[PDB]
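Reading through the structure tokens given below for one structure.
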Amino acid sequence: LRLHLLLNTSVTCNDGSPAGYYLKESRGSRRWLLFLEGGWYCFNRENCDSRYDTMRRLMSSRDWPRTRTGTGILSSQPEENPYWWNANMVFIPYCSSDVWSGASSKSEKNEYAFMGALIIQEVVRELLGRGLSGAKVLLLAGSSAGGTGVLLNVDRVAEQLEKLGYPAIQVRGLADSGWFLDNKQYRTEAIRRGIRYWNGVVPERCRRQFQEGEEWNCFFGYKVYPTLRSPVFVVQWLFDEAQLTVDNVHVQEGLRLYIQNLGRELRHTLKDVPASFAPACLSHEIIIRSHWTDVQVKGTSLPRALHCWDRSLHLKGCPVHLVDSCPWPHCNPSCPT
Ligand SMILES: *[C@@H]1O[C@H](CO)[C@@H](O)[C@H](O)[C@H]1NC(C)=O
Ligand SMILES: CC(=O)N1CCC(C#N)CC1
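For the sequence shown, the positions run 70 to 256, 269 to 331, 337 to 400, 410 to 432 when mature numbering (1 follows the signal peptide of the UniProt record, and there is no 0) is used.
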């Protein structure tokens, strides 16, 4: 995939450098895959300054390489990507530190720019002039913070193409490892201070439910998903490492019951999610990993479940809702090592 910096230089990373995207076209294909990178966030000046010292590529484009290798679902080789190997591939680097929700520019009162939501919109606009105008499906995918960003932006991308006069393009979402629980720790406020810092935006219907001061609720999958209109496939490890970090979990009866209860709660939030893939593993992210084809739930791989999803949106032995029921990490033999 080749780097293109955005022609509209007013849409910037944290430090004012232009945002961009990596692209690899496939001219015999009308399918487009836009992937959102992840990588936590920062919610005040002192904490964003620390990020700039040691995580600068997540805050600036000045040191980005000109190319990047497509891996996993972004791979063009059928052996590595049985799902969408012939699609047009786009990798959108995460340089706004706002879980892709911001719409605030750098100015005399703002040390950093938080324009995650505007970066996605500008990428879609400039892609239309490079072949996206002829697409029939646009899959907006992402991992970790990018997976949460899918949930916050998928309906706005569909509305953007509608108002631009492209009603035939079907917009869908693929959220990987971005389905978190606001549960009690083992031993929400950062998000809420972040939204004020970033001038963050959330989907309209969810915003109207929780109203001013409570938009932080829309960052949590099981609360925002029921308000979405576009089809969204949800991939989520039952024992996500980032979820265990924020829960201060690093085995006696107390912790055993805590971990078993966390998997039970996550499984409950997915009962009515018709397109989902939730293995009982302790891990983090999957869809751009090279070995993403190895894990299975009830005998069905993730690339197969995604293909079954495609067929359902036009089934015998081609399932789309796959959630483990065993209650301890790595009770599924296919978990990553
Ligand atoms: C550049 O992006 C900004 C922010 O979204 C927008 O207001 C402006 O209209 C854009 N400029 C052009 C020429 O599209
Ligand atoms: C692993 C990662 O990138 N995360 C975890 C928390 C989540 C929120 N809110 C998005 C950012």
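Ideal Cβ positions, reconstructed from N, Cα and C, are used throughout, including at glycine.
Residue i Cβ short of 7 angstroms to ligand 1 heavy atom set
| i | result |
| --- | --- |
| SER79 | yes |
| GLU191 | yes |
| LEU187 | yes |
Close beta carbons around residue i, own chain, < 6 angstroms, minus the five adjacent residues each side
| i | result |
| --- | --- |
| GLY185 | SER165, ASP167, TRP169, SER170 and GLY171 |
| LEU368 | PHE320 and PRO424 |
| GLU191 | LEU75, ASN77 and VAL80 |
| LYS175 | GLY85 and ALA182 |
| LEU392 | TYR152 |
Same chain, Cβ closer than 8 angstroms to residue i, five either side skipped, listed in chain order
| i | result |
| --- | --- |
| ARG135 | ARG71 and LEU72 |
| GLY203 | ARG99 |
Counterpart residues of residue i in DSSP-defined beta bridges
| i | result |
| --- | --- |
| residue 63 | Here the chain comprises residues numbered 70 to 432, so residue 63 is not present and cannot be evaluated. |
| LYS93 | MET158 |
| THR81 | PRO87 |
| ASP245 | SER212 and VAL316 |
Residue i: CB within 7 angstroms of a non-hydrogen atom of ligand 2
| i | result |
| --- | --- |
| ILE238 | no |
| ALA323 | yes |
| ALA214 | yes |
| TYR110 | yes |
| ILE272 | yes |
| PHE249 | yes |
Own chain residues within Cβ distance below 7 angstroms of residue i, not counting five before or after
| i | result |
| --- | --- |
| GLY139 | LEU70, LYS93, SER145 and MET158 |
| residue 262 | The residue list of the chain ends a segment at 256 and starts the next at 269, so residue 262 has no coordinates to report. |
| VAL223 | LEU209, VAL240, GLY242, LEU309, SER311 and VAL313 |
| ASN179 | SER173 |
| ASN113 | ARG274 and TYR278 |
Nearest-angstrom beta carbon gap, residue j and residue i [assumed within contact, 8 angstroms]
| i | j | result |
| --- | --- | --- |
| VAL80 | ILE188 | 6 angstroms |
| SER130 | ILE374 | With 8 angstroms as the limit, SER130 and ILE374 do not qualify as a contact, their Cβ atoms being about 20 angstroms apart. |
| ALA214 | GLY108 | 6 angstroms |
| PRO360 | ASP419 | Actually they are not in contact, since the Cβ atoms of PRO360 and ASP419 sit about 17 angstroms apart, beyond 8 angstroms. |
| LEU250 | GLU351 | 6 angstroms |
| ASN329 | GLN254 | 5 angstroms |
| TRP378 | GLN317 | With a Cβ gap of about 14 angstroms, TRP378 and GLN317 do not count as contacting. |
* Asked: For the 8 angstroms Cβ check, are there 3 or more pairs between the stretch 277-292 and the stretch 229-236?
  -> no
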